[PDB]
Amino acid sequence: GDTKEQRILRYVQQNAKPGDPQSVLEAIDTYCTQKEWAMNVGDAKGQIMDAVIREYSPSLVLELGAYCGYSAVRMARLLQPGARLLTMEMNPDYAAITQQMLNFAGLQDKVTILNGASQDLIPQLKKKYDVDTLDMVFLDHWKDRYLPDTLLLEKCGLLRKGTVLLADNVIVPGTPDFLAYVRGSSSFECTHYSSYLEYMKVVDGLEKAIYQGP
């Protein structure tokens, strides 16, 4: 039968207003609080995300790991006209959910899905997707990939002075190599935002790591 992700999308379609991103976020968070937990960033950490996005007003954001599109809706709804989000989702079923979520929210013109693995797509961003450098990166994919993909972004010339990395789940499930690396590197200026795991009374946090150049 249907999957949890399909159930979340249907719930949104039936309990939110087309073209109203805030209603979409609220519907997802209600479903995941009342019916079934799911690994969306959630409202606690989402509020911290919102504060960061508002501070930096990025023109080009890369997201690693879309899932159902919750974080993509969260960020894209606060981007300025003409600003863009690219989100990389390796699971094709999740990619289809995310596209449909974005379509429902009316944010499809601001967001592009890149279906594939981050390590394969990151090296294509300049030539295939006409990216120069990224203003912000939201990391929310497999936790073991945060570090290697950060290093790949740098190798590929995608980071500039001031690029904001914002990493979910640095406590649960945790990203110990990434966290050690950024906090020990003179190429990053790091801030920890303590919060809670989505929909749970469990401590989690976001790490912001601002790239300083080589």
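Take the two forms, find the largest set of C-alpha atoms that superpose within 1.5 Å, and that set is the rigid core. Numbers for residues come from their place in the sequence shown, where the first is 1.
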Open item on the list: For a rigid core alignment of each structure in 4 other deposited structures of this protein onto the shown form, which stretch has the higher root mean square Cα deviation: 102-110 or 139-147?
Closed with: 139-147
Task: Which of 25-33 and 169-177 strays further in 4 other deposited structures of this protein - Cα RMS after rigid core alignment - done: 169-177
Task: Comparing 103-111 with 121-129, the one whose average Cα B-factor in the PDB entry is higher - done: 121-129
- [ ] Quick one: say whether 87-95 or 112-120 has the higher mean Cα B-factor in the deposited entry.
- [x] 112-120
Task: Selection from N169, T33, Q47, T150 [criterion: highest C-alpha temperature factor in the record] - done: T33
Open item on the list: Per the entry's values, where does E55 land by CA temperature factor relative to the rest of its chain, in the lowest, middle or highest third?
Closed with: middle
Task: Within-chain third of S185 by Cα B-factor, per the entry - done: highest
TODO: Rank-wise, by C-alpha B-factor, drop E26 into the lowest, middle or highest third of its chain.
DONE: highest
Open item on the list: Taking only the Cα B-factors deposited for this chain, tell me whether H192 sits in the lowest, middle or highest third.
Closed with: lowest
- [ ] Within this chain's modelled residues, let me know which third the CA B factor of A16 belongs to: lowest, middle or highest.
- [x] highest
